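> Below is query15.tsv; it holds TSV, C-alpha atoms.
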chain	number	residue	atom	x	y	z
A	1	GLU	CA	32.79	2.05	-48.36
A	2	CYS	CA	30.42	1.22	-45.50
A	3	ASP	CA	27.19	1.61	-47.46
A	4	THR	CA	25.78	2.35	-50.90
A	5	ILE	CA	25.82	6.02	-50.08
A	6	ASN	CA	28.30	8.83	-50.13
A	7	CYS	CA	29.01	12.23	-48.56
A	8	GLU	CA	26.26	14.77	-49.11
A	9	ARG	CA	27.68	18.03	-50.40
A	10	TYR	CA	25.90	21.19	-49.33
A	11	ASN	CA	27.74	23.56	-51.62
A	12	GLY	CA	31.40	23.15	-52.53
A	13	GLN	CA	32.66	21.01	-49.66
A	14	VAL	CA	30.89	17.96	-48.24
A	15	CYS	CA	28.17	17.83	-45.60
A	16	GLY	CA	28.28	21.52	-44.80
A	17	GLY	CA	31.98	21.20	-44.11
A	18	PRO	CA	33.39	18.83	-41.42
A	19	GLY	CA	33.57	21.75	-39.01
A	20	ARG	CA	29.79	21.57	-38.77
A	21	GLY	CA	29.17	17.98	-39.83
A	22	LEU	CA	31.22	14.99	-40.93
A	23	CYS	CA	30.15	12.50	-43.59
A	24	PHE	CA	30.52	8.81	-42.79
A	25	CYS	CA	29.59	5.23	-43.37
A	26	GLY	CA	26.42	5.86	-45.38
A	27	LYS	CA	25.75	8.81	-43.07
A	28	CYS	CA	26.92	12.16	-41.70
A	29	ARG	CA	27.62	12.68	-37.99
A	30	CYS	CA	27.08	16.39	-37.45
A	31	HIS	CA	27.20	18.37	-34.21
A	32	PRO	CA	24.12	19.57	-32.25
A	33	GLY	CA	22.78	22.63	-33.95
A	34	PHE	CA	23.35	21.86	-37.63
A	35	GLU	CA	21.10	20.92	-40.55
A	36	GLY	CA	21.28	22.65	-43.93
A	37	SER	CA	21.30	20.38	-46.97
A	38	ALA	CA	23.67	18.32	-44.86
A	39	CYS	CA	24.93	19.86	-41.65
A	40	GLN	CA	25.64	23.53	-42.43
A	41	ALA	CA	22.59	25.19	-40.88
In structure tokens, write the structure found in this file.

Amino acid sequence: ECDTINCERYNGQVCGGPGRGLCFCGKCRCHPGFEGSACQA
């Protein structure tokens, strides 16, 4: 909705689950200490 991009799913959720990282306007605002394919690791 904000950009020509959309939540990056790491497995079965989206962005390594919001608990670790949230997907957003063409991005994903994760917390310090996360990476993975999105924000799971």
> Would you mind listing what lies within 10 Å of segment 11-16 of chain A as an MDAnalysis selection string, with all atoms listed in the file counted and same-chain residues fewer than 2 positions away left out?
chainID A and resid 6:9 18:24 27:30 34:41
> Draw an axis-aligned box tight on the listed atoms of segment 28-40 of chain A, then pad every side by 8 Å and write out centre and edge lengths in Å to one decimal as JSON.

{"center_x": 24.4, "center_y": 17.8, "center_z": -39.6, "size_x": 22.5, "size_y": 27.4, "size_z": 30.7}
> Which residues come within 8 Å of residue 3 of chain A, counting all atoms listed in the file, excluding same-chain residues fewer than 2 positions away, as a CSV table (one decimal) with C-alpha atoms, in the frame of the given file?

chain,number,residue,atom,x,y,z
A,1,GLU,CA,32.8,2.0,-48.4
A,5,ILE,CA,25.8,6.0,-50.1
A,6,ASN,CA,28.3,8.8,-50.1
A,25,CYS,CA,29.6,5.2,-43.4
A,26,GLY,CA,26.4,5.9,-45.4
